[PDB]
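First the structure, in the form of structure tokens, and then the observations on it.
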Amino acid sequence: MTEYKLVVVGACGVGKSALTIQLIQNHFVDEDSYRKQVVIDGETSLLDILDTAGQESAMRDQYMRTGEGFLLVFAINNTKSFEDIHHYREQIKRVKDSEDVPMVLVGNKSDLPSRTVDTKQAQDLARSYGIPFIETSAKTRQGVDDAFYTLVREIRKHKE
Ligand SMILES: Nc1nc2c(ncn2[C@@H]2O[C@H](COP(=O)(O)OP(=O)(O)O)[C@@H](O)[C@H]2O)c(=O)[nH]1
Ligand SMILES: *CCS(=O)(=O)NC1CCN(C(=O)CNc2cc(Cl)c(Cl)cc2CC)CC1
Ligand SMILES: [Mg+2]
């Protein structure tokens with residue numbers, strides 16, 4: 001059976017755990033690792049997921065090396081978390097020693113009325129990186145399946 005090792009990275013508090021809990025366990029209430037079989041485009045896929053901010057080492061650096069795809073998560077009401085994205089992407093590229101690593105940019109907390117990061121800013125950044133941008137809410141489930149499944153599709157594209 002096909003397995004995908006996914007890593008969800010981003011500043012603390014952006015909702016990495018909340019997004020992964022919503023995907024895997026289907027709930028939100030206002031575990032660092034998760035493992036579940038799902039079906040994506042008719043392919044049975046075992047998802048092995050790690051949520052990490054990088055400040056919590058061994059399992060982490062290992063996780064970055066084996067990770068096949070990465071969600072780069074910021075929150076739309078956290079400018080610093082958006083500013084941090086470049087650091088996370090550069091870190092992954094260095095560890096993977098590759099310019100072609102499957103990634104998706106995720107702007108979480110889209111349900112909130114407080115916004116300090118413009119959708120255009122995020123779209124522009126993702127365009128520069130050549131990766132998808134998806135607006136999500138772990139609370140309402142907006143974009144959650146789309147974010148993770150898009151990443152799995154990026155991994156497939158890489159492997160093809
Ligand atoms: N309103 C809202 N709150 C969220 C969302 N995602 C996460 N949260 C809340 O933001 C806080 C931090 O979320 P958490 O999953 O622990 O962030 P992490 O440090 O990135 O894993 C918690 O109080 C969550 O309930 C979201 O999409 N919308
Ligand atoms: C994901 C974050 S964590 O698990 O690594 N823990 C963080 C929680 C948020 N935080 C804080 O500093 C918030 N609090 C405070 C801590 C301290 Cl030491 C002081 Cl002096 C004051 C506050 C409140 C402002 C970072 C770690
Ligand atoms: Mg967490």
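Each chain of the structure tokens is named A, B, ... in the order shown, its residues numbered from 1; ligands are numbered from 1 in display order.
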Hey, which residues sit close to ligand 2? Say within 12 Å, counting only C-alpha atoms and all ligand atoms, and write them as a PDB file with N, CA and C atoms, in the first residue's frame.
```pdb
ATOM      1  N   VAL A   9       4.461  22.305   8.852  1.00  0.00           N
ATOM      2  CA  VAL A   9       5.396  23.222   9.499  1.00  0.00           C
ATOM      3  C   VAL A   9       4.820  24.636   9.546  1.00  0.00           C
ATOM      4  N   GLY A  10       5.276  25.416  10.514  1.00  0.00           N
ATOM      5  CA  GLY A  10       4.806  26.777  10.678  1.00  0.00           C
ATOM      6  C   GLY A  10       4.951  27.227  12.115  1.00  0.00           C
ATOM      7  N   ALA A  11       4.780  28.526  12.351  1.00  0.00           N
ATOM      8  CA  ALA A  11       4.944  29.089  13.684  1.00  0.00           C
ATOM      9  C   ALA A  11       3.958  28.497  14.671  1.00  0.00           C
ATOM     10  N   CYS A  12       4.280  28.586  15.953  1.00  0.00           N
ATOM     11  CA  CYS A  12       3.360  28.062  16.930  1.00  0.00           C
ATOM     12  C   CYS A  12       2.064  28.847  16.908  1.00  0.00           C
ATOM     13  N   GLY A  13       0.965  28.119  17.064  1.00  0.00           N
ATOM     14  CA  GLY A  13      -0.339  28.724  17.214  1.00  0.00           C
ATOM     15  C   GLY A  13      -1.078  28.974  15.916  1.00  0.00           C
ATOM     16  N   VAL A  14      -0.484  28.639  14.766  1.00  0.00           N
ATOM     17  CA  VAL A  14      -1.146  28.914  13.481  1.00  0.00           C
ATOM     18  C   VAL A  14      -2.261  27.915  13.154  1.00  0.00           C
ATOM     19  N   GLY A  15      -2.283  26.797  13.877  1.00  0.00           N
ATOM     20  CA  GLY A  15      -3.308  25.780  13.709  1.00  0.00           C
ATOM     21  C   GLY A  15      -2.876  24.506  13.000  1.00  0.00           C
ATOM     22  N   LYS A  16      -1.588  24.182  13.063  1.00  0.00           N
ATOM     23  CA  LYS A  16      -1.078  22.949  12.472  1.00  0.00           C
ATOM     24  C   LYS A  16      -1.776  21.728  13.081  1.00  0.00           C
ATOM     25  N   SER A  17      -1.804  21.656  14.406  1.00  0.00           N
ATOM     26  CA  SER A  17      -2.463  20.544  15.070  1.00  0.00           C
ATOM     27  C   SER A  17      -3.956  20.541  14.758  1.00  0.00           C
ATOM     28  N   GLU A  31      -1.589  15.449  20.683  1.00  0.00           N
ATOM     29  CA  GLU A  31      -0.897  14.578  19.739  1.00  0.00           C
ATOM     30  C   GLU A  31      -0.124  15.408  18.709  1.00  0.00           C
ATOM     31  N   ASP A  32       1.166  15.116  18.564  1.00  0.00           N
ATOM     32  CA  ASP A  32       2.012  15.796  17.585  1.00  0.00           C
ATOM     33  C   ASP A  32       2.034  15.059  16.254  1.00  0.00           C
ATOM     34  N   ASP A  51       3.162  17.262  12.867  1.00  0.00           N
ATOM     35  CA  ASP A  51       3.047  18.708  13.082  1.00  0.00           C
ATOM     36  C   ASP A  51       4.254  19.203  13.872  1.00  0.00           C
ATOM     37  N   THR A  52       4.917  20.243  13.383  1.00  0.00           N
ATOM     38  CA  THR A  52       6.115  20.746  14.058  1.00  0.00           C
ATOM     39  C   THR A  52       6.405  22.219  13.769  1.00  0.00           C
ATOM     40  N   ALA A  53       6.823  22.950  14.802  1.00  0.00           N
ATOM     41  CA  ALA A  53       7.223  24.349  14.657  1.00  0.00           C
ATOM     42  C   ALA A  53       8.747  24.484  14.613  1.00  0.00           C
ATOM     43  N   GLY A  54       9.449  23.408  14.961  1.00  0.00           N
ATOM     44  CA  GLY A  54      10.901  23.385  14.909  1.00  0.00           C
ATOM     45  C   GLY A  54      11.574  23.833  16.194  1.00  0.00           C
ATOM     46  N   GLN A  55      10.771  24.141  17.212  1.00  0.00           N
ATOM     47  CA  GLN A  55      11.282  24.640  18.486  1.00  0.00           C
ATOM     48  C   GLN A  55      10.952  23.694  19.640  1.00  0.00           C
ATOM     49  N   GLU A  56      10.397  22.529  19.317  1.00  0.00           N
ATOM     50  CA  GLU A  56      10.005  21.560  20.334  1.00  0.00           C
ATOM     51  C   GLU A  56      11.179  20.668  20.727  1.00  0.00           C
TER      52      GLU A  56
END
```
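Neighbouring residues of region 130-139 of chain A at 6 Å or closer, counting only C-alpha atoms and skipping chain neighbours under 2 positions away, are residues 18, 19, 28, 104, 105, 106, 107, 108, 109, 110, 111, 126, 127, 128, 141, 142, 143 and 144 of chain A.
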Item to check | Nearby residues (only C-alpha atoms) at most 12 Å from residue 43 (chain A), same-chain spacing under 3 positions excluded, as a list in words | outcome: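 In the requested form, the answer reads residues 1, 2, 3, 4, 37, 38, 39, 40, 46, 47, 149, 152, 153 and 156 of chain A.
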Given the selection you just returned, output its residues as a file containing N, CA, C and O atoms, formatted as an mmCIF file, in the first residue's frame.
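Produced file part_8.cif, reproduced below:
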```
data_model
loop_
_atom_site.group_PDB
_atom_site.id
_atom_site.type_symbol
_atom_site.label_atom_id
_atom_site.label_comp_id
_atom_site.auth_asym_id
_atom_site.auth_seq_id
_atom_site.Cartn_x
_atom_site.Cartn_y
_atom_site.Cartn_z
ATOM 1 N N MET A 1 0.846 -1.226 0.000
ATOM 2 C CA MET A 1 0.000 0.000 0.000
ATOM 3 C C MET A 1 0.865 1.255 0.000
ATOM 4 O O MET A 1 1.918 1.299 0.639
ATOM 5 N N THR A 2 0.402 2.279 -0.708
ATOM 6 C CA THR A 2 1.127 3.539 -0.792
ATOM 7 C C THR A 2 1.059 4.312 0.520
ATOM 8 O O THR A 2 -0.016 4.515 1.083
ATOM 9 N N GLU A 3 2.222 4.752 0.991
ATOM 10 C CA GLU A 3 2.318 5.581 2.183
ATOM 11 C C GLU A 3 2.875 6.945 1.783
ATOM 12 O O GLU A 3 3.721 7.025 0.895
ATOM 13 N N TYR A 4 2.364 8.007 2.408
ATOM 14 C CA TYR A 4 2.874 9.366 2.208
ATOM 15 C C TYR A 4 3.267 9.948 3.555
ATOM 16 O O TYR A 4 2.448 10.030 4.466
ATOM 17 N N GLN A 37 -5.389 5.857 7.143
ATOM 18 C CA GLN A 37 -5.616 5.530 5.744
ATOM 19 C C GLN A 37 -6.846 6.235 5.216
ATOM 20 O O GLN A 37 -7.923 6.177 5.815
ATOM 21 N N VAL A 38 -6.672 6.883 4.076
ATOM 22 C CA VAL A 38 -7.754 7.554 3.392
ATOM 23 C C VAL A 38 -7.686 7.132 1.933
ATOM 24 O O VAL A 38 -6.744 6.452 1.517
ATOM 25 N N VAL A 39 -8.704 7.505 1.170
ATOM 26 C CA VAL A 39 -8.713 7.259 -0.260
ATOM 27 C C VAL A 39 -8.692 8.606 -0.955
ATOM 28 O O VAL A 39 -9.554 9.455 -0.711
ATOM 29 N N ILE A 40 -7.701 8.795 -1.815
ATOM 30 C CA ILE A 40 -7.524 10.051 -2.529
ATOM 31 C C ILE A 40 -7.516 9.774 -4.020
ATOM 32 O O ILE A 40 -6.616 9.117 -4.529
ATOM 33 N N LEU A 46 -1.960 5.627 2.844
ATOM 34 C CA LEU A 46 -1.709 5.797 4.269
ATOM 35 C C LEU A 46 -0.945 7.101 4.506
ATOM 36 O O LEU A 46 0.181 7.252 4.033
ATOM 37 N N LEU A 47 -1.565 8.031 5.233
ATOM 38 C CA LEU A 47 -0.934 9.305 5.566
ATOM 39 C C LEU A 47 -0.275 9.236 6.922
ATOM 40 O O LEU A 47 -0.928 8.943 7.918
ATOM 41 N N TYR A 149 -4.859 16.893 0.336
ATOM 42 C CA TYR A 149 -4.963 16.081 -0.866
ATOM 43 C C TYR A 149 -4.174 16.726 -2.007
ATOM 44 O O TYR A 149 -3.579 16.028 -2.829
ATOM 45 N N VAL A 152 -0.695 15.666 -1.487
ATOM 46 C CA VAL A 152 -0.493 14.293 -1.947
ATOM 47 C C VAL A 152 -0.373 14.271 -3.475
ATOM 48 O O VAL A 152 0.465 13.550 -4.039
ATOM 49 N N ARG A 153 -1.182 15.081 -4.144
ATOM 50 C CA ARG A 153 -1.101 15.187 -5.597
ATOM 51 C C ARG A 153 0.236 15.793 -6.038
ATOM 52 O O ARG A 153 0.782 15.408 -7.073
ATOM 53 N N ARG A 156 2.752 12.952 -5.807
ATOM 54 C CA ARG A 156 2.618 12.072 -6.964
ATOM 55 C C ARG A 156 3.283 12.669 -8.195
ATOM 56 O O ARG A 156 3.970 11.971 -8.933
#
```
Item to check | Every residue of region 7-144 of chain A that DSSP places in strand (DSSP E), as a PyMOL selection string | outcome: chain A and resi 7-9+33-40+43-52+69-75+103-108+133-135
Checklist entry - Nearest to ligand 1 among A:76, A:59, A:29, A:95, with distances taken over only C-alpha atoms and all ligand atoms: which residue is it? => result A:29
